[PDB]
There are 2 protein chains.
Amino acid sequence: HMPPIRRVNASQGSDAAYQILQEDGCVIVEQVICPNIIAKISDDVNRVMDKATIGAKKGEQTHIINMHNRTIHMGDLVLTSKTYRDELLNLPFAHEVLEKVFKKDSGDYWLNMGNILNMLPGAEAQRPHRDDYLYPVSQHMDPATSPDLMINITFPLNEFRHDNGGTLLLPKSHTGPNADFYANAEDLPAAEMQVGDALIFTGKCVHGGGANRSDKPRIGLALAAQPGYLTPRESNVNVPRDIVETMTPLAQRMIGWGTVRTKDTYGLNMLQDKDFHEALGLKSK
Amino acid sequence: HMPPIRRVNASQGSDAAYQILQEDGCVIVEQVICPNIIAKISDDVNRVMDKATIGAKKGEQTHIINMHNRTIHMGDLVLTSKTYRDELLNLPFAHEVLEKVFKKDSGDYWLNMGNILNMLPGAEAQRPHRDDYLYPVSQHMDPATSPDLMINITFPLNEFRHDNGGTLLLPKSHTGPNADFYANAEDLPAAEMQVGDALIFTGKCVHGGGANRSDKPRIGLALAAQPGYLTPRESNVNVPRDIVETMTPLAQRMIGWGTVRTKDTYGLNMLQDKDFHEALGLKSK
Ligand SMILES: CC1=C2O[C@@]3(C)CC[C@H]4C(C)(C)C(=O)CC[C@]4(C)[C@H]3C[C@]2(C)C2=C(C(=O)OC2)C1=O
Ligand SMILES: CC1=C2O[C@@]3(C)CC[C@H]4C(C)(C)C(=O)CC[C@]4(C)[C@H]3C[C@]2(C)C2=C(C(=O)OC2)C1=O
Ligand SMILES: O=C(O)CCC(=O)C(=O)O
Ligand SMILES: O=C(O)CCC(=O)C(=O)O
Ligand SMILES: [Fe+3]
Ligand SMILES: [Fe+3]
């Protein structure tokens, strides 16, 4: 018996989605965002897609997730899309869920990164994995009781199905012990969904990209958030201060332009023994 | 039943110090740095003491270590002391020890912060604590088998004695379970050191600032390093790039101006899916 991927409409409230996410480790939330927003973001991203890296980045092994050369992962979305800085990073449903996940166990949260997941025609499935493997401390904690280190929110930019490689997930796989093998990709259900929908799964949910057996690319956008005490994979210190001061305080903290406090009230990422904003006089929308 | 704080001369090698720190959680290293280096750094620090905060920062609860107001902690040392930037951040003994601590279990390391510690006359002792309590994940890991999350190196800028509040340590206390009480500060040995020595202890070593019963301020310079995947308490994004470029690549990585790889080779603090330096074209020394 393989349990299916469960879905809620966003009009049912982020409590329903959060209860499915803590019982299964994954949930598809339908009609969570206006599809026109996503169309603008796909516009912006397609302009600059010819400048992205195919395969692994420099000096990173590829056998934990089966990182290969018919996928494109592209970052730097903050500079690429204003609609991303303005609409997506402030979506209140997403922050309702992320606050339910992170607030008591860890405190404030920010992005690990925002990432374009391009599964090219011909791309094979990845090895099912846990994303919290990125952080070494996660192997020294019991998954049944340890706090969540990562939450992934994936917005399909075109439609996700099984045949074009929509994300494969293993529901209810998020409490068991860490293992070097979990499942074969061919045994997992795919997250099927449309522009406007989002898939949400935790750093402990077993998942991976599927095989794109179609003749068009399958592209999603993944907002990955984590506790503020974990170092983001992507820094944003090179974003113009004048761009950053048109963003909201919450979104400025998301891209690392703000102090993050632990659930114990201690600040990380401070400037000159003060608040990040206070020390810079950083304005915001 | 109380073990003593063990010490070596830096001329006995980094490997001997490392052995003691592994058996005890703390080691005093004698004559590790020219006293003139520290003297210059202390003139630099004293010129700017009028801009420091006494006691807690805004919002940070105090009862876990007993932070009171006969105590001045002062960060922001990259812009205060040039000798700090050039000399202290490049001291080879320190990096040999931090390499032995961090490299297999975690990967690259960088500063939590460099912090001037001032126990003023009349300062009472702190409650003995473990420093890694700053990071919530430390409470979900078995101390006898889990990676080190922090190494503290403290240079006295004037003589540490018991009488003036020299750091109190519980040697061999670095493998026992986490507890909400470890010992009373009256029961602990003090670290007694000259300018030129250094105390090195880990984030699982039970310690605390002692009681300064003397007439003068007791001042040390703490250098707390942690794995690259933990968010530094102190950012350095407002150091002018011209200053940063006169530092070695190593010192640059220490103050957050570089990419940090985990032991599984994955990079963190990347810029544009590249190395921090490659994407900035950041020069160095
Ligand atoms: C564990 C592992 C990694 O960790 C994760 C999963 C964690 C975060 C994740 C998020 C959710 C942000 C995303 O959007 C897609 C992929 C990734 C960047 C990813 C990339 C990376 C470094 C990597 C690996 C490899 O093979 O090449 C690349 C790898 O094994
Ligand atoms: C756990 C705890 C904290 O964690 C530590 C110990 C960890 C790192 C440490 C280093 C070693 C860098 C240092 O140089 C001196 C003290 C401190 C900044 C310290 C400060 C802080 C946030 C805090 C506490 C409190 O009460 O106010 C402040 C507190 O209880
Ligand atoms: O492309 C996907 O659907 C999943 C991407 C992923 O899981 C990864 O590479 O970490
Ligand atoms: O002041 C000292 O000697 C110790 C300081 C300390 O342990 C702390 O505040 O974390
Ligand atoms: Fe993944
Ligand atoms: Fe301490």
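In what follows, every chain begins at residue 1, and chains take the letters A, B, ... in the order their sequences are listed. Keep in mind that the numbers below use all heavy atoms, side chains included, and drop hydrogens, waters and symmetry copies.
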Exercise: identify the closest heavy-atom pair between A:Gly196 and A:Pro35: CA-CG, 4.3 Å

Heavy-atom side-chain contact between A:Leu89 and A:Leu111 under 4.5 Å: yes

Least distance between heavy atoms, A:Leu168 atom then A:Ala185 atom: CD1-O, 3.2 Å

Approximate separation, where rounding is to 0.5 Å, of A:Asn115 CG and A:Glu234 CD: 8.0 Å

Side-chain (B:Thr231) to main-chain (A:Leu230) donor-acceptor, under 3.5 angstrom: yes

Closest approach of B:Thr265 to A:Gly59 (non-hydrogen atoms, all atoms of both residues): CB-O, 3.3 Å

Test log, rule salt bridge (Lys or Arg N to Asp or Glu O under 4.0 Å), inputs A:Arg6 and A:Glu23: CA-CA 10 Å; A:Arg6 294 197 282 169; A:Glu23 282 179 6; 3.2 Å; yes

Validation row, ring centre B:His95 to ring centre B:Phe102 under 6.0 Å: no

Test: A:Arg7 and A:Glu30 ion pair at under 4.0 Å: yes

Pair B:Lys204, B:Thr175: side-chain N/O donor-acceptor within cut-off below 3.5 Å: no

Point-to-point distance, once rounded to the nearest 0.5 Å, from CG of A:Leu170 to CG of A:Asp187: 9.5 Å

Exercise: do B:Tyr109 and B:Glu99 side chains pair donor with acceptor under 3.5 Å: no

Closest non-hydrogen atom pair, B:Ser138 against B:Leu149: CB-CD1, 3.8 Å

Check against side chain to side chain donor-acceptor pair (under 3.5 Å), A:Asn238 and B:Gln272: CA-CA 9 Å; A:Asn238 62 319; B:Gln272 265 89 70; 2.7 Å; yes

Non-hydrogen side-chain atoms of A:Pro121 and A:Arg213 separated by less than 4.5 Å: no

Donor-acceptor contact present, side-chain B:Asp148 to main-chain B:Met150, <3.5 Å: no

From B:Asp273 atom CG to B:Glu278 atom CD, the distance as rounded to the nearest 0.5 Å: 12.5 Å

Qualifying ring-ring contact (aromatic ring centres under 6.0 Å, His included) pairs, either residue in residues 187-213 of chain A, two or more places apart: A:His129-A:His207, A:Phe201-A:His207

Over 12 foreign heavy atoms within 6.0 Å of CD, A:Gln12: yes

Sidechain N-carboxylate O distance under 4.0 Å for B:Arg253, B:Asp108: yes

Short N-O contact, A:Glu60 and B:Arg261, less than 4.0 angstrom: yes

Derivation and outcome, side chain to side chain contact (heavy atoms under 4.5 Å, CB included), residues B:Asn236 and B:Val244: CA-CA 10 Å; B:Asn236 282 107; B:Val244 175; over 6 Å; no

Non-hydrogen side-chain atoms of A:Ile200 and A:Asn152 separated by less than 4.5 Å: no

Side-chain touch A:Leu157/A:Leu221, heavy atoms, less than 4.5 angstrom: yes

Any donor-acceptor pair under 3.5 Å from A:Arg218 side chain to A:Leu117 backbone: yes

Pair B:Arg130, B:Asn178: side-chain N/O donor-acceptor within cut-off below 3.5 Å: yes

Presence of salt bridge, A:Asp24 and A:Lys172, under 4.0 angstrom: yes

A:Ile28 versus A:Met193, closest heavy-atom pair with distance: CG2-SD, 4.0 Å

Residues A:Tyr135 and A:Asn112: side-chain donor-acceptor under 3.5 angstrom: yes

NE2 on A:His73 to CE on A:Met113, rounded to 0.5 Å: 9.0 Å

Worked verdict on A:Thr71 versus A:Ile54 for side chain to side chain contact (heavy atoms under 4.5 Å, CB included): CA-CA 6 Å; A:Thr71 88; A:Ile54 190 96; over 6 Å; no

Atom pair CG/CG of A:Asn90 and A:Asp86 - distance to nearest 0.5 Å: 7.5 Å

A:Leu79 vs A:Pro240 side-chain heavy atoms within contact, under 4.5 Å: yes

Close side-chain approach of B:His277 to B:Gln252, heavy-atom, < 4.5 Å: yes

A:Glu159 vs A:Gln194 side-chain heavy atoms within contact, under 4.5 Å: yes

Minimal non-hydrogen separation, A:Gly258 against A:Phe276, with atom names: N-CD2, 3.5 Å

Given A:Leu199, A:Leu91, A:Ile219, A:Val195, the one that forms side-chain contact (heavy atoms from CB on, under 4.5 Å) with A:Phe155: A:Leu91

Residues A:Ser81 and A:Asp44: side-chain donor-acceptor under 3.5 angstrom: yes

Side-chain donor or acceptor of A:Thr154 paired with backbone N/O of A:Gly220 under 3.5 Å: no

B:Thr262 side chain to B:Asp264 side chain, donor-acceptor N/O pair below 3.5 angstrom: no

Intermediate values then yes/no, side chain to side chain contact (heavy atoms under 4.5 Å, CB included), A:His140 and B:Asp142: CA-CA 8 Å; A:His140 300 273; B:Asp142 175 10; over 6 Å; no

Pair B:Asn269-B:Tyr229, side-chain donor/acceptor within less than 3.5 Å: no

Pair A:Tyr133, A:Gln139: side-chain N/O donor-acceptor within cut-off below 3.5 Å: no

Heavy-atom side-chain contact between A:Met247 and A:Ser284 under 4.5 Å: no

Main-chain N/O of A:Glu192 paired with A:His162 side-chain donor or acceptor, under 3.5 Å: no

Side chain to side chain contact (heavy atoms under 4.5 Å, CB included) evaluation trace for A:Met2 with A:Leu188: CA-CA 8 Å; A:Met2 161 85 45; A:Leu188 303 194; 4.0 Å; yes

Inter-residue atom distance A:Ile153.CD1 - A:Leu98.CG, 0.5 Å rounding: 4.5 Å

A:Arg127 side chain to A:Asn66 backbone, donor-acceptor under 3.5 Å: no

Polar side-chain atom of A:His174 near backbone of A:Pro143 as donor-acceptor pair, under 3.5 Å: no

